[PDB]
Every structure is written in C-alpha cells, then in structure tokens.
There are 2 protein chains.
Amino acid sequence: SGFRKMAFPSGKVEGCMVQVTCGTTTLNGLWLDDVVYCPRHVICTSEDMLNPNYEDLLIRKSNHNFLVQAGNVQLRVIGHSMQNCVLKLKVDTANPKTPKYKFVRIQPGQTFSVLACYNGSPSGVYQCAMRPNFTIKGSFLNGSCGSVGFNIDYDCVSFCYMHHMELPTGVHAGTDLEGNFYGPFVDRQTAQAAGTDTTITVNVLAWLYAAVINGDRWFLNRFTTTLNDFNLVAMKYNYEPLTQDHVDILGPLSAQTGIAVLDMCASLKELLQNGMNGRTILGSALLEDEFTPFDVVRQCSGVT
Amino acid sequence: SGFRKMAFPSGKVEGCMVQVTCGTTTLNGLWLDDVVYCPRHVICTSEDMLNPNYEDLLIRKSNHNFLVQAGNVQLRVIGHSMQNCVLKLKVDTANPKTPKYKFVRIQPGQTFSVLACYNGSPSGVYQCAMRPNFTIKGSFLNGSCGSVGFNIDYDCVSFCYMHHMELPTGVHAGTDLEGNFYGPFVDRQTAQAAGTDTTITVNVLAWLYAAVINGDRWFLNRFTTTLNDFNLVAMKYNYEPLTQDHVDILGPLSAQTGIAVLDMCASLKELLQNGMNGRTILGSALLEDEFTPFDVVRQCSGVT
Ligand SMILES: *[C@@H](C)C(=O)N(c1ccc(C(C)(C)C)cc1)[C@@H](C(=O)NCCC(=O)OCC)c1cccnc1
Ligand SMILES: *[C@@H](C)C(=O)N(c1ccc(C(C)(C)C)cc1)[C@@H](C(=O)NCCC(=O)OCC)c1cccnc1
C-alpha cells in the first residue's frame, strides 16, 4: 500500500545523455544509435534570441562546430540536419547503451518521467503530465534544454518530450523527438502566453480510485450523476470534459473497487462543490491530476 | 524555474538489484561487490510470521537454499550470514556494475530516493523522507521487500534504507544497510503502532524558501518571531521544534532570498494559524516537508 508520484527507473535514459555545445551554448542531447538529438536553439547566440532564422543560422555551422561529449569522451560528428525544432547530429559511433526505443507524440493528460540533465549529466528524475494547454510544469534551470520525457514498457523506452524552453510564467514548453512543439509554442524569445490550465478529470478519477484502493474512503458519498450533469460541474471548475472513452479507460479501476465510474464522478462533484474541508486524500490537500488510469493500475499492481 | 519532488537518477542502483528466493519467498536483494544484501525475513514461511526465531530458522538454511538471480542469470552463493535484520549472501562474482558506495544511517527529516523493485526488477523511483516517528510513507506492494533508499553525491551512492515491512496503518518500516531498523520496529507480524507523525519544520521552511525563489510569495508577511515563540506554535501544530542548527542550515537560502530565517518562521506561523485560505504554494495546498534545505539548494542550483 501507499501511493506515490512515481517516475520510471531512469537508467536506460541516463545511458543516452550527452552534452552538446555549439559556440558558447551548451545543452543536453539524446544519443540513440548513431544520432544525437538536441534542441535546434543550441545554434543561437544572445544577439538573435528574439527572432532567429534557424535555416540561416545553420548555414554558418559545420559538423565540427557541434561538440558532442558522452561522459568524458568526445564523439565525432559526421553529419547534421534540422528536423522541425530539433537537430540530428550523426556521429561515427552507435551508442552502446542504446535501449529499445520509440518516438511517440503524447496527448494532453498523458504522463511521463523527466530526467533533468545539465551538461549531459543527470541531476534528477520526476513525473510530469502534458497539461491540456500543452505546457508541462517541470523543474528546469538554464542548461536543462535537451532533457527528455519518456515512458517505459518493460524494456522499451518511448521518448515523448524534449525540453526547449521556459515561458515567462515559469511553465515549460518542448517538442516530441521529431522536433514538433507540443502546443502553439515556438523556439524564440517572444510573448507566448499559455492557455487555461484545466484539470485532467480522468486522471483525478483514477487517483480517487487509487485513494479507495489504499484506504482513503472519506470522500465516497451516497450519490451518483450522469456524464452530462458531471460535465456541467466540470466546466464550472475548469476541469476537462469527461467522455465515454474516459469512462471505458477507468473500467478496470471501477471493477477492482466495485465503485461505478459515475458514482466516483458524483464523489468528485461533491469535492469540487464542498471542498476538502481541511481533509486530505493520499496525503494531498488538492485533487491530483498527474496520474493516468494506466499509472494507477501499474503502481497498484507492481509492473516492472 | 519550477519545483518538483525529484528523485536521484536511479541507474546506479538499478545495476545492483537482484532477486533473492528462499523456499517459496521471493524478495529483492542489493548486490554490491561480492555481497547480496536482503531482509532476513526472506527465510520466513507463513506458519512463522508471528514470532520468528531467525537464528533457529537460519540453522535449517544452507548456501544453496538462497537463489540469487541477476537479470536472467543465476549467482553462486558461497557464504551467508545474518547481520541484525539483514542477510549478507556472499556470491562468487563481484557485481560489475557496483558503483562507488557507502552505507549511511540517516536521521529523521532526511530525504532519500526509493527504487521500488519486484522480483529484482525496478518498477519506479520516488522521493521519500524518514519521518520523525521513523516510518516512511512509501509505495510498496508484496514482493517490494529489499527495495532500497539512497542519496547520490556525484558518483557515490549512499544507501540508507532497505524496505522490510508495512505496518497495519499502511506506513513503512525498514532498516539501514547494517540491518538495524529505523525506529522501534521489528521484523515480525505483530502490533506495531507508529508514533506521532510530526511535520519536519526545517524542511517546510526550506520549501517556503524554494517557493520564494520560484515566484510564489503571497505568504510572505510583515512579521518576525523568535525561536521560542515560533516553537510554541510549532508544538501546538505537531511540528518538530526548530533549533539553532536548523536556522544555521537554512542560512544559504536566507542569504539567496534576503529573507531572515526568523521572518520565514513568522510567515510559517501565520500559515499554521490562518491556513492557506484555498490558495496554493508550489502547486500544493498543504505545507510540504519532504525537501531538506540541501535538496532545495541542489534543485535550485542544478547539481548533477
Ligand atoms: C535552455 C536551453 C535555456 O537555458 N533556455 C533557453 C531556451 C530557449 C532559448 C531561445 C530563445 C533561443 C529559443 C534560449 C534559452 C531557458 C529559456 O527558456 N529562456 C527564456 C527564453 C524563452 O524561453 O523564451 C520563450 C518565451 C530556460 C530556462 C529555464 C528552463 N528552461 C529553459
Ligand atoms: C515484503 C517482503 C512483504 O511482502 N511483506 C512482508 C514483510 C515482512 C514479513 C514478516 C512478518 C515475516 C517480517 C512478511 C511479509 C509485506 C508485509 O509487511 N506484510 C505484513 C506483515 C508486517 O509487516 O507485519 C508487521 C506489523 C509488505 C507488503 C506491502 C509492502 N511492504 C511489505
């Protein structure tokens, strides 16, 4: 028992982190096979952060200008290309620690672990969620760019995020491993305000199921609701609308606890309307939304 | 910017996890050099969980009865001994992935990361704190025994905890790597109630400093207090007493933010007396106490 914000074991990803330097900018790169992936803004100086023309800036760069270091040893760059907002640096050596991997583009509400790195070295691992406004609430300092987000299925790492920037509001923006930003964000120092950070309703319900499984049951009420009634309350509280797909995904948790999804929705509705009244659920005084139904099942079953 | 409950990168510890089986019980072991460390209750059956006599149970066990498997390969056990509540299984092979390591016994309030494992395989990593009542609020299912807690200083892993059991209240009890339990807990299925889980005051202050550094300043008030006045309020709220050592340890955070420790104590005092009023600090609706002053500095500076 017990329920924690758990990240995937980071070992497989630690073995992929390298340092990339271009001119005076140093950030992190992800080394998979003979390719090092990093944010294309590694080529940017100070005088051109406001409106960079990446194709133009890249013309002035050659293979030897990208310094890639894995541990304390230098990798030889034999090719470079820009794919969307990422640079792909072909090196002459395949990473011997390359795990089985995939590049996936996640949807909002989906969770992943972040291996925060500086100078190609891992500093920490934490669990994130792609917010409905396509930002992530990470912990990233200068030099953390190129740190990646991932999920692991047994021995296959699915890379889903690469850190690129921090918005003026202290929230984070990044790309998938094909270089496409999540959301409307661009890699330039400009006014980029995030949209409404709504609560991931399906995740909150999953976490309420995790609370019941772990003995926290005080919030369970005598009520039920409908998807349409619940959604009127969810809209009022800036919660994402709950769909029949979400109800279906919560089915295994509903089955394990014997609590119908719509009954849990009614409990959630009363929590939104009445508040916690100074009480806690799984050690939290707010409704946690960064656990998917899959994470709750995985953690409560012990998937390795 | 951004502040997350961050665990250490787990790679160095993943390379040490093995599966230990004795009879029909399978748990995790920690393989460092040619020794595999695991909870001694791996020798216990069902008929003797209530009052085990470990020395007597161990007489019936030989080296060949302890099955150690690292990955998909079996290790040869050439010796076994009991040190307090841990078994040390000498194997014929030194772990090639043994990192630089130390065994440390932490104090209450100190934090560490847990690599939760099942069948010698890592499932997840999370950050814990040794509670003032010597329990940990972990996430551990059956078979998680032998999972370890650790801190990392650059390339040296300091192992501080090994998971042994879950108390009837769903909190966790374990030992240091010398086999000595934290707190008064024993490895037997008996009535073991935990003491008062007080809040780690120095950690809350560290986290309030982290909030100020990250832009969350609404709780900063116009007041100050003394250590004795603050401690009268801390006692009332089941917070640990704050000492001059704690004030000294918070010095770098006080220096970085320009907020005197006793002024932050007065802010904390008003938060205890008035509540959050539905507001949040660093995305939390309660006062977080599982970040030490060292963790706040490390995370806010980017130590790798
Ligand atoms: C990470 C590489 C870094 O230190 N930056 C950063 C990212 C992107 C640029 C760019 C303007 C050339 C694309 C420059 C520097 C930090 C950062 O985001 N700075 C603010 C600029 C920005 O993002 O403007 C968009 C609104 C950074 C700091 C902390 C955490 N992550 C990134
Ligand atoms: C972990 C090895 C395990 O599955 N146990 C466990 C631990 C200790 C014993 C022992 C009674 C022989 C020492 C047996 C089994 C779980 C556990 O703690 N069971 C309850 C017995 C207990 O701890 O009694 C003391 C009050 C366990 C489950 C979930 C998480 N951790 C451990």
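So the values come out like this:
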| read-out | value |
| --- | --- |
| Eligible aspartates and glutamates near residue B:269 by straight Cα distance, threshold 20 Å, same-chain separation 8 or greater | B:197, B:216, B:229, B:240, B:245, B:248, B:288, B:289, B:290 |
| Nearby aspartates and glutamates by direct alpha-carbon distance to residue B:100 (threshold 16 angstrom, same-chain neighbours under 8 apart not counted) | B:14, B:33, B:34, B:153, B:155 |
| 222 nm mean residue ellipticity, helices alone, for chain B (DSSP H n ≥ 4; -39,500 (n - 2.57); rounded to 500) | -6500 deg cm²/dmol |
| For region A:56-88 and region B:17-31, distance of Cα centres in Å | 45 Å |
| Reachable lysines from residue A:102, criterion Cα separation under 21 angstrom, eight or more residues apart if same chain | A:12, A:88, A:90 |
| Gain on full stretching of the segment that runs from residue A:188 to residue A:279 - 0.36 nm per residue minus C-alpha separation | 28.4 nm |
| Region B:178-283: trypsin sites (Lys or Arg not before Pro) falling in loop per DSSP and having at most 12 other Cβ within 10 Å | B:222, B:279 |
| Cα-Cα over 19 Å, subset of A:5/A:137; A:5/B:137; A:5/B:236 | A:5/B:236 |
| Cα gyration tensor shape for the protein assembly as shown, rounded if a/c is under 1.5, else prolate or oblate | rounded |
| Neighbouring partner chain Cβ atoms per residue of A:73-81, average, 10 Å criterion | 0 |
| Over region B:43-194, equivalent-ellipsoid semi-axes from the Cα gyration tensor in Å | 24, 22, 14 |
| Contour minus Cα-Cα distance for residue A:236 and residue A:142 (0.36 nm per residue) | 30.1 nm |
| Rule-of-thumb Rg ratio for chain B [Cα; 2.2 N^0.38 Å; N residues] | 1.11 |
| Cut-off under 5 Å, modelled amide H: who pairs with residue A:118 long-range | A:123 |
| Cα gyration tensor category, rounded, prolate or oblate, for region A:52-113 with a/c compared to 1.5 | oblate |
| Qualifying chymotrypsin sites (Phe, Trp or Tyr not before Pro) in region B:71-155, DSSP loop, other Cβ atoms within 10 Å at most 12 | B:154 |
| Rel. contact order, % - alpha carbon contacts under 8 angstrom, at least six apart, chain B | 17 percent |
| Test item: B:139-148 mean partner chain Cβ contacts at 10 Å | 3 |
| Convex hull volume of region B:171-304 per residue (C-alpha atoms, cubic angstrom) | 152 Å³ |
| Shape category assigned to region A:231-304 from the gyration tensor of Cα positions, a/c cut at 1.5 | oblate |
| Translational D in µm²/s for region B:23-87 (Stokes-Einstein at 10 °C, 1.306 mPa s, Kirkwood Rh from C-alpha pairs) | 127 µm²/s |
| Number of partner chain Cβ atoms within 10 Å, mean per residue of B:9-20 | 4 |
| Stokes-Einstein diffusion coefficient of region A:171-226, Kirkwood radius over Cα pairs, 10 °C, 1.306 mPa s, in µm²/s | 104 µm²/s |
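Please note: Cβ atoms are built from the backbone with ideal geometry, for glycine as well, and neighbour counts cover all protein chains shown. A short reminder: the numbers here are calculations on the coordinates, not readings from a lab.
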